Amino acid sequence: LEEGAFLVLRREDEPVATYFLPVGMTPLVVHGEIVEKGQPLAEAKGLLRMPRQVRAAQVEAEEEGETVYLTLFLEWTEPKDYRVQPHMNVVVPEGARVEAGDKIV
Amino acid sequence: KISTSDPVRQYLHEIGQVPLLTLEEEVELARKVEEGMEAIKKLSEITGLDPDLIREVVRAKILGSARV
Numbered sequence: 264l265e266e267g268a269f270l271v272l273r274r275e276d277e278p279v280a281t282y283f284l285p286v287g288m289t290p291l292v293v294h295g296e297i298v299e300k301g302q303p304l305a306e307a308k309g310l311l312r313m314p315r316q317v318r319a320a321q322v323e324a325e326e327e328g329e330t331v332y333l334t335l336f337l338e339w340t341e342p343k344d345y346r347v348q349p350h351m352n353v354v355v356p357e358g359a360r361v362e363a364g365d366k367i368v
Numbered sequence: 074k075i076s077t078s079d080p081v082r083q084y085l086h087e088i089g090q091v092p093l094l095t096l097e098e099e100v101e102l103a104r105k106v107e108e109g110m111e112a113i114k115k116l117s118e119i120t121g122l123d124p125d126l127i128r129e130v131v132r133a134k135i136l137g138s139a140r141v
């Protein structure tokens, strides 16, 4: 990311784990599974900020002990460009959503 | 004054103001024209009116006001 880290783990292939890291978390590339030993040894010190483009809403928490497991919504916007030729038409205005079947140009 | 150069600085002024973008605007307007053409034909269908008639009503509306 610009500011952020996605950590996923396919034991075999099934996405066995999907745990994200807000900046201020110190990652370690290929560690971890000595005995699953809670070894994404990422340090949390001070501010834990957010990537500014991707948003965090919908909160959930199952409360126990020293840490709670949390499940949320992660909507990162991907900048992807296109180029208009002479003969291309811009049917769409200055910012509007589009469907899977909703031709643009 | 002498109309040698008058309708030239007449023409070359708005062609000075609009010397078409060789593709962009050029075609931009052509398309619009055909858009009118067909709009008009389907309007003939919906109203039961004449194609050139609708054509001229449009024309009269655009130019502001005219005998036509």
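Chains as they are written, first to last, in the authors' numbering: chain D, 264 to 368; chain F, 74 to 141. By construction, the Cβ of each residue, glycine as well, lies at the ideal position given by its N, Cα and C atoms.
Query, Result
"Buried or exposed (CB count within 10 angstroms, at least 16 for buried), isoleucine 88 of chain F", "exposed"
"Residue environment, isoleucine 127 of chain F, which counts as buried when at least 16 other CB atoms sit within 10 Å", "buried"
"Distance, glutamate 266 of chain D Cα to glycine 137 of chain F Cα", "58 Å"
"Residues of the stretch 81-101 of chain F with Cβ closer than 8 Å to any Cβ of chain D, in chain order", "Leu96, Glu97 and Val100"
"C-beta neighbour in chain F for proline 303 of chain D, strict 8 Å", "no"
"Which of helix, strand or coil DSSP assigns to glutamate 129 of chain F", "helix"
"Cβ of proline 356 of chain D within 8 Å of any chain F Cβ", "no"
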